[PDB]
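Neighbour counts are summed over all protein chains in view; Cβ atoms, including those assigned to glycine, are modelled from backbone coordinates with ideal geometry. Here, each number is a calculation from the coordinates, and none is a lab measurement.
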Amino acid sequence: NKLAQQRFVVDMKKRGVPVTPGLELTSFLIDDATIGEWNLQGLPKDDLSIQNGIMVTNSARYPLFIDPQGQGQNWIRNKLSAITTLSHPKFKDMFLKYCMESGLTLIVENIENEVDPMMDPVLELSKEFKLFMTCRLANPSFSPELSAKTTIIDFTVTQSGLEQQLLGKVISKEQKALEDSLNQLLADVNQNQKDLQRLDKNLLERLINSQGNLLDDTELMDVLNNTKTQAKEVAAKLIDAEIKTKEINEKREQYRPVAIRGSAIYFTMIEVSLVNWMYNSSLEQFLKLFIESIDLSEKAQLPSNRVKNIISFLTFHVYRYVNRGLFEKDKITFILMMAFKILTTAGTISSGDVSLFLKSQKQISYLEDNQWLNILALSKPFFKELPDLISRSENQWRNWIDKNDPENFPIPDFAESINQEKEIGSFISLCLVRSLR
Amino acid sequence: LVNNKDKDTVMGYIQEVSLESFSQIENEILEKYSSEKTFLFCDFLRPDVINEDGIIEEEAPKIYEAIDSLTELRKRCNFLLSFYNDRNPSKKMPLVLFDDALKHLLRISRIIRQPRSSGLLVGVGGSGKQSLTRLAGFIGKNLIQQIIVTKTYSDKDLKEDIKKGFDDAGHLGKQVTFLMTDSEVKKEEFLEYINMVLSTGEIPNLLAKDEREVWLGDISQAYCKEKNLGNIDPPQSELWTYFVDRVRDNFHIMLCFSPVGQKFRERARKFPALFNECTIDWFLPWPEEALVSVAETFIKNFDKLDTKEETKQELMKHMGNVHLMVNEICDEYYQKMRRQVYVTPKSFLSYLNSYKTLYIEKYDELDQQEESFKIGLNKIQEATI
Ligand SMILES: Nc1ncnc2c1ncn2[C@@H]1O[C@H](COP(=O)(O)OP(=O)(O)O)[C@@H](O)[C@H]1O
């Protein structure tokens, strides 16, 4: 959205042709009734899935999904169907002719950039036949012309939707009564949105059913009163919007930190796959682990304290599960990445400061050229403020640099209060420790 | 030559040298042909018209030359497009004919026609070379066949297809063409066999498997008049000489490669004759003039509801701008994320289809709703009066 939108609107401004302020692409495209119908059919309730569903709806050509998780396969499995794999001797001959002469829709789920050539000229004559086919492994290398034929859609899950999905599943497993209240009020308020729609239908009926002699219909007075009555239940629904947006929200606020952590953990364990192949796993296994963790230790009493116990236990459970597959030289690294991905949201640690911690002399005379490289490394907030006479005191820190285990017993007193605070003081100590020693 | 600037300097060289030699009418050439305006487009089928007197192909058009003009060029091109539509079932060929496309068809004609010629065509996918060559071959009466890679990828298909090709261009003596592309290569070896086909044309013991003499014996009746040894006699080996002459005279080879990837350059280095004998032609991506031309070709037939003077021209301009831009966005995505993205003019056409269709849909629907806004105005008016 961002790049493309600013791009198109700057084109329009330079062109000087007139355009309307505000995108709202989804709103004036599809009626929300079908949106809700899909949301019964398993479409994720969040924005990105909404545009994705639009994109499949337009169906300019047959599509092909980049599908790291499996949203599209399940969606099509439910959307209107409720299947035949590519690798099968019967598929190339039998399944083709059945679908092509009677329209069975012939789903495929094993594209790996390798096309049986007979797939193509079928692609480009029953007039009751469609075909949706999708990939599995992310980061495709599709040929230019495979982009020419079919539309491409990415269902790469964002963490943003991920925390809502985990939020729903935790509300399920921690106590079903929460879901009872949830789905009860949610069905009620959905039906009350439909009741506002019925108010609109009543207005339209009042306006064009008669199409003349509206005024001579003195029952129109009753009709006018009827309009008011419908608004009154909307007022109840309006009240419910508050009763929802606090109560369920706080029932969700007890858990939406958890979901945040869960999403963080998942997007950590994604990237180790790129660190080396064979550290690859689904979301589904992670889901089983998550639901289990809730079952394992979650409920004793004192629900807020048990939220803190989530944060204690889930992390260890998933952590150990991944360690069982890890190699020695990668043991320390996975835990390190987990720590950072935890702190990139709450503590808001700068990626610039992360790169400072990963990558990196006139002033000082005693220290070594091997050391002076590091002085210039640290030198280029208060890193560029305390290499002066403070650091160049040379009073007691000479012993310090000599002492083994510099961090622990002979602590730097260069910033004693900053090290004391500890909200970031760890990370500060570590930038120091790496740059110096 | 890759960049248009390189072209501009060779034309400068040409004008300078023409002035150098032509030191006796130099002002006339400056007025007429050394001018950058279009001059002497040479073509064979446009200049003469069959006229369909008693039969459609009334007379073979004069063939040698044509003159400069663009109108009748496009009109006969569209004529011919309709013909190709009804010749081929399910042709499904919405070819848009703009100035550069016309020139490219002309160049394919120039190479295909010539006796003992062939031309390597380079360009990114979507440039249309594979689409253009079909018409370019149909006009030249040449038959065309492509190779199909079976479930088992092997070698015999090549051999039998080339045998049929020679016997079309040999014994029967018809005119043919060959349309290998990147899809028609699965290993190197195919390139070796074709390489020697460009060079010699004798396949070792494909035609000499106790068959060369029966096929040659099916041809000497033509030899009795063709070489015309006083209509008396002939010889045996000389018949094979005339046969290789015929087949190489009427076996044109049209190769169409990608410019990008890894394998193209060292494939060229592997086989010298490939880039050596064949002519070479570049297809640059479409510039803004072509895109606005396509935009107006598709907006003229689609400007039923979108009536606004002085804004249409800016509309077509801005649509071209959109396309040039999605090119740049593609480049940036690959640059940062190392994830491959591509584009084709087919998607631009599909985008115009979507524009037209959803515009008539939303125009009509939302304007029936706005007709209902006017029904509200009617209600207000009748109530007031
Ligand atoms: N001039 C054109 N106008 C519209 N569409 C085109 C044009 N040229 C090519 N295409 C589209 O590109 C597709 C592939 O064309 P092709 O001849 O294979 O190009 P290339 O040889 O560059 O790959 C065609 O099916 C057609 O839809």
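Of all DSSP beta bridges in the protein assembly as shown, what percent run antiparallel (nearest 5)? Write down the numbers at each step before the final one.
Working: 0 of 20 bridges.
If I count the DSSP bridges inside the protein assembly as shown, around 0 percent turn out antiparallel.
Net charge near residue B:343, counting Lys/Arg +1 and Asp/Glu -1 over other residues with Cβ under 14 Å of its Cβ? Spell out each step's value before the answer.
Working: positive: A:149, B:346; negative: A:145, B:328, B:331, B:332.
Combined, the nearby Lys, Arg, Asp and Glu give -2.
Based on the Cα atoms of the stretch A:1-115, what semi-axes does the equivalent ellipsoid have, where each is the square root of 5 times one gyration tensor eigenvalue, given in whole Å with the largest first? Show your work: numbers first, answer last.
Details: eigenvalues 255, 66, 36 Å².
After scaling each eigenvalue by five and taking roots: 36, 18, 13 Å.
As an exercise, identify the trypsin sites (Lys or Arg not before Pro) in the stretch A:155-210 lying in DSSP coil whose Cβ has no more than 15 other Cβ atoms within 10 Å. Show your work: numbers first, answer last.
On the way: sites: A:169, A:173, A:176, A:194, A:198, A:201, A:206; in loops: none.
Qualifying residues, ordered by number: none.
Counting only helical runs of four or more DSSP H residues, what would the 222 nm mean residue ellipticity of the protein assembly as shown come to if each run contributes -39,500 (n - 2.57) and the total is spread over all its residues? Write out the running numbers ahead of the final one.
Details: 35 runs with 464 residues, N = 822.
The helix-only estimate for the protein assembly as shown comes to -18000 deg cm²/dmol at 222 nm.
Which is farthest toward the positive dipole end of the stretch A:104-154 among A:115, A:135, A:104, measuring Cα position about the Cα centre, with Cβ charges +1 (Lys, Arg) and -1 (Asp, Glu)?
Value computed over the given set: A:104.
Just to be sure I understand: with springs between alpha-carbon atoms less than 10 Å apart, which residue in B:193, B:84, B:13 has the highest mean-square fluctuation in the Gaussian network model of chain B?
B:13
To test your reading of the geometry: what angle, between 0 and 90 degrees and rounded to tens, separates the Cα axis of helix B:189-199 from the longest principal axis of chain B?
The two axes meet at around 70 degrees.
Find, among the trypsin sites (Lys or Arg not before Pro) in the stretch A:233-322, those assigned to loop by DSSP (not H, G, I, E, B) with at most 13 other beta-carbon atoms within 10 angstrom. Could the numbers behind the result be given before it?
Working: sites: A:237, A:244, A:246, A:251, A:252, A:261, A:288, A:299, A:306, A:308, A:320; in loops: A:299.
Sites meeting the loop and neighbour criteria: A:299.
Could you work out which residue, out of B:228, B:142, B:327, moves most in a Gaussian network model of chain B, that is, has the largest mean-square fluctuation with Cα springs under 10 Å?
Largest GNM mean-square fluctuation: B:228.
Does the stretch B:178-334 come out rounded, prolate or oblate by the C-alpha gyration tensor, with a ≥ b ≥ c the root eigenvalues, rounded set by a/c under 1.5 and, if not, prolate when a/b is larger than b/c and oblate if not?
prolate
Picking from B:130, B:359, B:203, whose Cα lies most toward the positive end of the charge dipole for chain B (charges on Cβ: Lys, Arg +1; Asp, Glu -1)?
Final value for the positive-end residue is B:203.
Among B:252, B:271, B:286, which residue has its Cα positioned farthest towards the positive end of the charge dipole of the stretch B:231-295, with +1 placed on the Cβ of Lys and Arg, -1 on the Cβ of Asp and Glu, and the dipole taken about the Cα centre?
Positive-most Cα among the choices belongs to B:271.
Assigning unit charges at the beta carbon (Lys, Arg +1; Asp, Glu -1) and nothing else, what dipole magnitude in debye, to the nearest 20, does the protein assembly as shown show about its Cα centre? Numbers along the way, then the final one.
Numbers: 103 positive and 120 negative charges, 407 e Å.
The calculated dipole for the protein assembly as shown is roughly 1960 debye.
For the stretch B:133-197 and the stretch B:214-256, what is the separation of their C-alpha centers, rounded to whole Å?
Between the Cα centre of the stretch B:133-197 and that of the stretch B:214-256, the gap is 21 Å.
Rounded if a/c is under 1.5, else prolate if a/b beats b/c, else oblate: with a ≥ b ≥ c from the C-alpha gyration tensor eigenvalues square-rooted, which is the stretch B:35-137?
Details: a/c = 1.44, a/b = 1.10, b/c = 1.32.
In terms of gyration-tensor shape, rounded.
Determine, for B:150, B:307, the number of other Cβ atoms within 10 Å of each Cβ, and report the residues in order from fewest to most. Don't skip to the answer; put the middle values down first.
Details: B:150 11, B:307 8.
Least crowded to most crowded, the residues run B:307, B:150.
Would you mind checking the tilt of helix B:345-384 against the longest principal axis of the Cα atoms of chain B, expressed as 0 to 90 degrees and rounded to 10?
Helix B:345-384 and the main axis of chain B meet at about 20 degrees.
Select from the stretch B:321-385 those trypsin sites (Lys or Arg not before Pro) which occupy a DSSP coil region and have at most 12 other Cβ atoms within 10 Å, ordered by residue number.
Details: sites: B:336, B:338, B:339, B:346, B:356, B:362, B:374, B:379; in loops: B:338, B:339.
Answer in residue order: B:338.
Sorted from fewest to most neighbouring beta carbons within 10 Å, what does the list B:171, A:88, B:104 look like? Mind showing how you got there, number by number?
On the way: B:171 17, A:88 11, B:104 20.
Least to most surrounded, the residues fall as A:88, B:171, B:104.
Could you tell me which of rounded, prolate or oblate describes the stretch A:92-245, using a ≥ b ≥ c as the square roots of the eigenvalues of the alpha-carbon gyration tensor, with rounded for a/c under 1.5 and, failing that, prolate when a/b is larger than b/c and oblate otherwise?
Working: a/c = 3.48, a/b = 1.71, b/c = 2.04.
In terms of gyration-tensor shape, oblate.
Using the count of nearby Cβ atoms within 10 Å as a rough guide to exposure, how do A:50, A:418 rank from fewest to most?
Sorted ascending by nearby Cβ count, the order is A:418, A:50.
Nearest 10 degrees is fine. How inclined is helix B:129-139 to the longest principal axis of chain B, computing both from alpha carbons?
60 degrees
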